[PDB]
Structures are given as C-alpha cells and as structure tokens.
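Next up is one chain by itself, shown in structure tokens, the form deposited in one PDB entry.
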C-alpha cells in the first residue's frame, strides 16, 4: 500500500514492488512500465532496502532512463545533407536530422522554381528541385548541354536517407515523339514536319508549339530549345506562324518537366546545404514537404552546439528535448539523445504518461537509432 518505487541515497538506484517482494530495476522507464502508471520513486535510506527479502533486477537495460518530452504546436522535421570537399575526389557528405523549429533566411531557403541541384547516387545521376528528384544522364555529352547545364558542372554525392526522402517525380527528359519525322497531317507546310517547333508572337512575346500527330502542343521556350537541339528537322530557326493559321487547329498538351524560366544549377561549394523539410502545424491538412538549398543548416548558430553525432548512428541529431511521435499507427518515443524507442499499443504509452503523439515523417524518423521496444513483456526479464 503506497508508494511502490524507491531510490537509495548513496547510489540512487530504483526499486519496484513485485507482487510480494521488490526487485531492483535498470531505469525509471522500465519501472513505470511494469507498474502501469507514471509514478515517481521515493528516496530512501539503504537500511530500509536491506531489511527486506529482495528479488533481482528486471526491466529493460538499453532503455532510456525516463521519457521527457517538449511541446507542440508545430511538428517540424528536417533532413539536411551538408557536403565537405565539394570539389575533391574523394568528397564526403555529412547528413543531419532536425526536430526543432528552423531559422530559415535567404542564405538557406527553399529552391525557387528555376534552380536545381545536380546530384549523384549509386553510379546514376539525379537532379533535385523543390518537388523532389528526377533521373538524368550526364554521359550523353550534348544531351546535357541542351538545357542550360553544361558538363563542366558535375554532380555531388547524396546520402541514402536523403535519396529516399525525395519523392521520385519521374525523370527529366521531354516526352517521346513516336511519329517524329513523318509528313505532317494537319495541312501546315511540309517542311514544318511532325515534331517540329514553330513560333507565334502573342501579346506577351512568342509562343512555341510542337507539331504532334493529333494536333499542336504549347511549350515553353526551354522545351522548344531542347526539342530543337534533339532534332530541328532541317530547320535553322523555328518558322514564324500567324495566329489565323493554327487558330482552328486542335490544341494539345505536351508534359515537358522543363521550367519556363532558365535553369540555375546551384553551386554545391557555395551552397552546400541540401535539406528536406516536413511540417504539420496542428490541423489535419497534409504534410508540407519542401526541398531547401543554402550555405548552412536552417537553425541558429547556437543550435549548432546541440548536434549529437549518433555514436553508432547515421546522422547528427539536433533536438529540442524529447518527442512523442506517431507515424503512418506505429508510435515511437524519441529521447533527447535522438534515439527512437518503439511504443506498441495505445494502452502502453499511458503507463509512461505519454499522450497526443505528434505526426512525424517515417522517412526521417527511420534514420534515428532504433532502440529497444517499450513493452510489458520485455520489461519482465530477470538478471543478476
């Protein structure tokens, strides 16, 4: 009848009452687990512990001592790839995860819809925009130069977690023109064959169109340039057309991922930080995935002194206190050291006094060190 948890004065070790007699315990977490409620230990003179038929140690060894947690408000989760020696041989990428509010400026901001990051992963190159990653080839020497980028710009390494965090928004590459070259069946000049590009001067500059088998397709100047570079069909300049010719021809759509603006390949030495931010204010809404580029980590210079390089881990963890997170659900507790411990059922977390687990992206939380699983079965193992 108590009271069921005690601490010594000389050693301050935790003791829990089991049915009739007490057992010592590795951590407070295991005690609050085996009890089923978040109660605090009672400091006690060693002689009290002495005059008692003691059992032996139970609980979970590699479990966190306690389970403290910060607040929210926001559930911010960022994953940054910083790069050292961005012109070596022999380069190296230092990655990091952030679960604290960010300090975003103009030296580390999300990519504008015209700038992108050349990247390399598993022998195959990719390109990163605000949306995600797109497959690309840097071997076809001329094919690369068709869109702003040269070959004098080489890609740069990227971590696995970063690669898997970026949604594969397909490849770059202008869509296939299956009938390209065949006599145009729309009445236009025969030298303006299918797959050719022509221009019409509207009220806001010229407008470029590709001759498709089932009509004509509006494209941005970059797509026009790329198409012409691939195949111009014996045409020096895209033949100017006057509106009243195609004003009656069926208008069609041509995907083309190329931006209307020119392409600004960021300089990884001058812009080493490549991050993926994930947000959820409070309302249901949807997660807000955005890719950032910059000079440094999107946190305060002070926060840089909070980086816990995971000893047997993958990334440096920047963390403002403990977190209680829910994926998908599958729930986890993150200790201030940046280690995820599995929290099974909803009834279990009530013992640790944990409530309202924030939503967090599994893409980021999975990079955290997977510790033991906080369960009642695992917390019932005797040791000498």
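Numbering follows the first chain given and starts at 1. Each form is matched to the other, and the largest set of C-alpha atoms that superpose within 1.5 Å is called the rigid core.
One more form of this protein, deposited in another entry, exists but is not displayed; see below.
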| property | result |
| --- | --- |
| Sole member of 84, 169, 250, 263 with a C-alpha shift of at least 2 Å between the shown form and the other one (core-superposed) | 250 |
| Residue 202 C-alpha moves between the shown form and the other one by 2 Å or more, core aligned | yes |
| Displaced residue check between the shown form and the other one: residue 236, CA, 2 Å or over, core reference | yes |
| Per-residue C-alpha change between the shown form and the other one, residue 186, threshold 2 Å, rigid core fit | yes |
